[PDB]
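One protein chain, two forms: both are listed below as structure tokens, the first as structure 1 and the second as structure 2.
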Structure 1
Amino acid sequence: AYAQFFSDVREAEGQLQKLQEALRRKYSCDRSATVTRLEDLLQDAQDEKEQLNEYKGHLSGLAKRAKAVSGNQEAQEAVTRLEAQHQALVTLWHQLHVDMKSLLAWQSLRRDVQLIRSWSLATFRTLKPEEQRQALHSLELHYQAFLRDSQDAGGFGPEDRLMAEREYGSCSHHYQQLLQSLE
């Protein structure tokens, strides 16, 4: 009778391990990942996220069966060992998730900073005010997102927020300088 149970335990033990390797393989991104790809992977991650939630009822089901089995302590110590293993995945999923968001914000903020800093007075004049203001809308959107999502991100730190502010203000300054020439 313990066989049918411990077989299910070993089966459940394998799926979580398989799920761990799936997370690492799919969502370990670096600073060479494009914006479009990061966005795609971020919504893909939700599918893995939903499996983890549905696995709670699977673990609880084994927790019950574990109780209704001498060496019952071992049967319960095994399920407990799985719940610890499962929480690690949720913790891992969130870490990978918040890492991808930080990269996404960062990659976007780079596109904006480059764009705005590429402006010269001759290029600026050919632009409509709606187009000028738009580039600064996109700048603050991705700047403020970066300060927010880089916090729990392991790939970025306070020095990267320090620089971001500098790169951001850099463009605000350039913008303010370009406007002061047209008036």
Structure 2
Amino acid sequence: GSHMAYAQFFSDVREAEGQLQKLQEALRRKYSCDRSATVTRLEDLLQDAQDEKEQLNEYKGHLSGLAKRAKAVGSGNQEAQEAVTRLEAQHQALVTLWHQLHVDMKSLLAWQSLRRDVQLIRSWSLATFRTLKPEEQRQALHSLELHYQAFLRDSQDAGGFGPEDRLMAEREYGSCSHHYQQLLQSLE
């Protein structure tokens, strides 16, 4: 009887369907962040979130195994593949969610770090500026240029961040680059 094998195939699917639903709750729980998230936390959570993408990448190779089984059930294989299809769609949805939370965190990281760079340079005094070595000056600038570009990049798809927020970044960025230039012109 191919009925028991057929029914088992659906028990296995119903299992995979529920594991992915449980994984959806895990991500939203851990990786739902706001603008108060510290830098080191966002950096850790981002690292922590890779263990769950390792998971999502595994499912891909399992559903490919289920698709192989779906065809081989014989009696009622049409409705079976229809179930694997419904899984690959559930999986894709979950991959989509991951990337959204990943980018949402990557943007907050880039954002909070951009403020730090601004803080540093706008606090600089002409007196203070003579003290720093040229390598140290350029690198402080290298950070600003880097995280501004990162915020411009990672904030496109992210939530909470729109075109308005990227302007304020350009203003804060332009405000630094001008302050920095004043200090150089001041040296000599």
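Heads up, when I say rigid core I mean the largest set of C-alphas that superpose within 1.5 Å between the two forms. Residue indices: 1-based, along structure 1.
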query: Sole member of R31, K64, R125, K26 with a C-alpha shift of at least 2 Å between the two structures (core-superposed); finding: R125
query: Large Cα shift (2 Å or above) at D44 between the two structures, core-fitted; finding: no
query: Core-aligned C-alpha movement of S7 between the two structures reaching 2 Å; finding: no
query: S172: Cα shift of 2 Å or greater between the two structures (core-aligned); finding: yes
query: Rigid-core-fitted C-alpha displacement of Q134 between the two structures (angstrom); finding: 4.7
query: Per-residue Cα shift, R111, between the two structures [Å; core superposed]; finding: 2.3
query: Core-aligned Cα shift of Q144 between the two structures, given in Å; finding: 1.8
